[PDB]
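K.L.:
Structure of the sequence below:
(4 chains)
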Protein chains: 2
Amino acid sequence: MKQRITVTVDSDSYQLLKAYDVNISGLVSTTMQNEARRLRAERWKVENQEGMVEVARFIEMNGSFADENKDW
Amino acid sequence: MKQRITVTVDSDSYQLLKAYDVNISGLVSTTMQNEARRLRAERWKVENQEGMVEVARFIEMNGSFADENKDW
DNA sequence: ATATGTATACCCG
DNA sequence: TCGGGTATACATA
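P.N.:
Residues are numbered from 1 along each chain as shown, chains lettered A, B, ... in the order given. Take a look at the structure below.
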């Protein structure tokens, strides 16, 4: 069975992504994997680099369709 | 009073995020405002699939809460 | 159940 | 009591 995950926004900043054409269906799972891969409980850190690279695969589904988007 | 935004996934990386310590509330919306503002060219990262062991050589991206984005 | 989603009762802290 | 979160009932396509 699938798991319905809900972030009760209306305050944070969710409406925008969906306001354009993508709530979190593919967003969440995408961001999660990145937050998952990196997952390293910590704090006090700055940034200054880009994040590219691709590695898509056809077998599951990944139905993330919106603003002319597609898998990596 | 708050907007329920939910992605009916399960293991689409979603579960991992909350599985570590954050039911995407701040992550999604954080990610949202970013993909919301940028709304063009997402940001990913993949060096090594965790593996328990880490290293951390420099700075790349910040997350807060209890996850962060280190290099490894 | 159709998935994805909202709405709401219950749920986890 | 709910912060939010998810599940299920229900809503929609």
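
K.L.:
what's near enough to touch the residue nearest to residue A:62 when sequence neighbours are not counted?
P.N.:
Closest residue to residue A:62 apart from its sequence neighbours, by Cβ to Cβ, 6 or more residues apart in numbering or on different chains: residue A:71 at 5.4 Å. For every residue, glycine as well, the C-beta is placed using N, CA and C. When contacts are counted by Cβ atoms under 8 Å, 6 or more residues apart in numbering or on different chains, residue A:71 touches A:56, A:57, A:62, A:64.

K.L.:
Ranking by neighbours, what's the top pick from those residues?
P.N.:
Using other Cβ atoms under 10 Å in any protein chain shown as the neighbour test, the contacts of residue A:71 are led by residue A:62, with 17 neighbours.

K.L.:
Would you check that it makes contact with residue A:56?
P.N.:
Yes - using Cβ atoms under 8 Å, residue A:62 is in contact with residue A:56, at 7.4 Å.

K.L.:
now residue A:15, what's its secondary structure?
P.N.:
What DSSP: H, G, I helix; E, B strand; the rest coil gives for residue A:15 is helix.

K.L.:
For it, the count of nearby residues, please.
P.N.:
Using other Cβ under 10 Å, residue A:15 has 17 other residues around it.

K.L.:
and it, what is it in contact with?
P.N.:
A:9, B:3, B:32.

K.L.:
Just confirm residue A:12 contacts residue B:25, I think it does.
P.N.:
Yes - applying Cβ under 8 Å, one finds residue A:12 in contact with residue B:25, separated by 7.0 Å.

K.L.:
So between these two, which is more surrounded?
P.N.:
When residue A:12 and residue B:25 are compared for neighbours, residue A:12 comes out ahead with 22 against 19, by other Cβ under 10 Å.

K.L.:
residues in contact with that one?
P.N.:
When contacts are counted by Cβ under 8 Å, 6+ apart, residue A:12 is found next to B:25, B:26, B:28, B:29, B:30, B:32, B:33.
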